[PDB]
Every structure is written in C-alpha cells, then in structure tokens.
Amino acid sequence: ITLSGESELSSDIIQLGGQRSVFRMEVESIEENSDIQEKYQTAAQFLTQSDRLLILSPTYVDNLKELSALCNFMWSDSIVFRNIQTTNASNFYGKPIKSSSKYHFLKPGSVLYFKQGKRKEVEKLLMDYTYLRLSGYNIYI
RNA sequence: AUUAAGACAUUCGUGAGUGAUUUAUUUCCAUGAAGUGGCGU
Numbered sequence: 283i284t285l286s287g288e289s290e291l292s293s294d295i296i297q298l299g300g301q302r303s304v305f306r307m308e309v310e311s312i313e314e315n316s317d318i319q320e321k322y323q324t325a326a327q328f329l330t331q332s333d334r335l336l337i338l339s340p341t342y343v344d345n346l347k348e349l350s351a352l353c354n355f356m357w358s359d360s361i362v363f364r365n366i367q368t369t370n371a372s373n374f375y376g377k378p379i380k381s382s383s384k385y386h387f388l389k390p391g392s393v394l395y396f397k398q399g400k401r402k403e404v405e406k407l408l409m410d411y412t413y414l415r416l417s418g419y420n421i422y423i
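283 is the number of the first residue of the first sequence in the deposited numbering; add one for each residue after it.
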C-alpha cells in the first residue's frame with residue numbers, strides 16, 4: 283500500500299468479506315523511495331519470456347477483439363467481477379447495491395502471444411486503464 | 001463497509017415385535033442269607 287498525509291495504519295483484527303472472515307493484519311514499513319509496482323514485477327521476474335505477456339492479475343479490456351487482433355494466441359481464461367457499490371452517505375445496513383455490470387477479466391496465469399513487434403501496442407492497450415492498474419488490476423510481466 | 005449481513009443439520013421417533021433351555025436317555029449292571037456242627041468207641 284501507498285499512503286499520503288500519513289495515517290498510521292495500525293495492526294488490528296480486520297474483515298475481508300464473507301460470513302465474518304477474520305484476518306490478522308501486520309503492517310510492515312518499507313523504504314519510501316520505492317514504488318511497489320516494480321517490487322511486484324521483481325517478484326515475478328522469474329517467469330518472463332520474450333515472446334509472452336504473462337497475466338499476473340485479472341486483466342480487463344473493453345474490446346477483446348482488438349487484443350485478439352494484436353496477438354498470435356490467447357492462452358487465457360475468464361474470471362467474473364462484481365463489486366459492492368457504496369458511497370460515503372450510504373445505508374451500510376441494508377441490501378448492498380452491487381455493481382451495475384458483471385465484468386469479465388482474464389485469469390492470473392493467462393498468456394498473450396503477440397506477433398512480431400506490436401508488444402508496445404498491447405502494453406499501451408493494457409495500461410490505458412489507470413484506475414484498474416492503481417487498484418491492483420491489469421498487472422503483467 | 002469489502003458479490004456483504006442474518007440462520008445450532010434441526011423437529012418428530014422405546015432396539016422393538018415373534019420365540020418354554022427344550023429334545024433323546026431305565027440308577028442300572030455283577031452278586032447264593034449263606035457256612036460249619038461239637039461233645040463220652
């Protein structure tokens with residue numbers, strides 16, 4: 283996590299969804315001169331091949347036809363996404379308004395086999411969603 | 001505030017009903033209530 287206007291995220295007992303699921307949160311501080319993205323990619327470096335694009339986190343594309351047109355193969359799988367939509371001034375104690383759309387993301391482990399060149403083009407297509415990339419989605423190696 | 005929250009695998013339910021420890025088997029086999037007379041040729 284990256285936090286600004288420092289709020290000291292303390293260790294405590296948390297909930298991570300699903301019939302009162304309890305987890306022990308341990309908060310460890312790391313050097314501030316470090317972005318977490320290339321830390322994750324350094325962890326994933328041992329799975330890289332020049333001809334591939336390993337999908338590390340679920341990846342959403344508004345048009346999979348374009349992505350198919352930019353590759354020789356899509357050795358991929360489908361995952362489903364539906365989010366609980368709640369604002370600040372929300373009930374929090376009633377029926378939860380779940381996401382208006384079920385979204386189909388790729389599966390971690392999917393590989394996109396691009397053609398000659400066009401790797402930068404598929405990278406640009408994948409990275410155009412910045413909210414998703416910041417949230418932890420559409421991460422590849 | 002997170003495809004969340006809430007929910008005892010629980011209620012009812014006799015290990016119970018039918019059923020002789022009964023059938024077959026000689027307390028029997030062998031066996032003398034018997035032996036001897038004694039006293040003065």
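Every residue, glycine too, gets a C-beta built ideally from N, C-alpha and C.
Classification of residue i by the beta-carbon crowding that lies within 10 angstroms, buried from 16 upward
| i | result |
| --- | --- |
| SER392 | buried |
| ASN370 | exposed |
| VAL304 | exposed |
| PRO378 | exposed |
| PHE387 | buried |
| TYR375 | exposed |
| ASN420 | buried |
| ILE283 | exposed |
| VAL362 | exposed |
| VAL404 | buried |
| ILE337 | buried |
| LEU349 | buried |
Counterpart residues of residue i in DSSP-defined beta bridges
| i | result |
| --- | --- |
| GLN398 | In the DSSP output, where bridge partners are listed per residue, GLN398 has none listed. |
| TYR413 | The partner list for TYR413 (beta bridge, DSSP) is empty, contrary to what the question assumes. |
| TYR385 | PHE363 |
| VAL393 | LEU336, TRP357 |
| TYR422 | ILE337 |
Coil, strand or helix - residue i by DSSP
| i | result |
| --- | --- |
| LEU298 | coil |
| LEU285 | coil |
| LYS380 | strand |
| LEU291 | coil |
Residue i CB to nearest heavy atom of the ligand SAM below 6 Å
| i | result |
| --- | --- |
| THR341 | Within the structure as shown, the ligand SAM is missing, as the structure has no ligands at all. |
- What runs of the alpha helix (DSSP H), each 4 residues or longer, lie entirely inside the region 303-372? 318-326, 346-351
Are the region 378-395 and the region 336-356 touching by the rule of at least three beta carbon pairs closer than 8 Å? yes
With three or more C-beta pairs closer than 8 Å as the rule, is the region 411-422 touching the region 338-346? Yes: at least three Cβ pairs fall under 8 Å.
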